[PDB]
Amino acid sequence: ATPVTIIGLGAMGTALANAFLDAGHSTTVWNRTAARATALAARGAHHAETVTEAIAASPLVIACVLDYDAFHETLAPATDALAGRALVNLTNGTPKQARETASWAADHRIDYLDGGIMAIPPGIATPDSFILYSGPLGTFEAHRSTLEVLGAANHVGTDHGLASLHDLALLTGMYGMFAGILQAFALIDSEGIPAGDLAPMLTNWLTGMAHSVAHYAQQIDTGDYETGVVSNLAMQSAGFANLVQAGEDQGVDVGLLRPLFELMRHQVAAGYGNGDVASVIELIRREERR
């Protein structure tokens, strides 16, 4: 079993360390706040006093801290200790930060993968969990068996920015859903109905309507927003006007959905009402792709 070092013992990093300990790896851990390592150390983890001690302990170093600023602040002084090792950054960040970190790593003989954890901490090391990786295939395949302790391992390309691009796209979908869920519960709440009374029906509706994804992708990829439309944009915008009006009638703030509402009305007025709602992507995608 490959020895592994975890840098960062928040909710996610603690889950990673526990998963490697469960799988029998010699697991070295470090956290800015040392007290977050105490339970892990009692469990058999090697609690390093410094970042450099932690890094020197293992051929594979996994970083999972709050953000890029934390990642940079923590590892920049330890550049020399990372020489010759594999660094897997599971800290959330942008494609730009991943490509800049990759340039730094190539300048200092650090093998580098950028990754995005598509799981919550209790999901780590369960069939729910998968993690996206980008960077050199040699580094990915060398550590794939170790990484698969955490969940499925999906290498999405050699361009180091690609795992974060996919990560952030998935989070983007998720947060739109979350906004919808909050606003849906706010509307039902406005008549004194518990959220739990709506939750089963809402779960089923969102599950079923989550198959719009492939349909929407096909419309976008072909540029055809008109063929086979059964829910036209003019009708959808009329219904959207009513859920906005109903929220206002019931004293609910509907600001979260106003941007989409306004875009859909704009598109109806521009003549696209007989097509599907996905045509709105033409108003937000980057100019060179329109």
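Note that residue numbering follows the sequence shown and begins at 1.
Between the stretches 100-108 and 85-93, it is 100-108 that shows the larger average CA temperature factor. Comparing 265-273 with 13-21, the stretch with the higher mean C-alpha B-factor in the PDB entry is 13-21. Of the candidates 186, 162, 78, 118, the deposited coordinates give 78 the top C-alpha B factor. Comparing C-alpha B-factors across 61, 241, 39, 257 in the deposited entry, the largest value falls on 39. Compared with the other modelled residues of the chain, the Cα B-factor recorded for residue 69 ranks in the highest third.
Residue-level temperature factors show residue 247 in the lowest third of its chain, judged at the C-alpha atom. Ranked by C-alpha B-factor against the other modelled residues of its chain, residue 234 falls in the lowest third. Annotation for residue 135: CA B-factor lies in the middle third of the chain's modelled residues.
Among the modelled residues of its chain, residue 143 has a C-alpha B-factor that falls in the middle third according to the deposited record.
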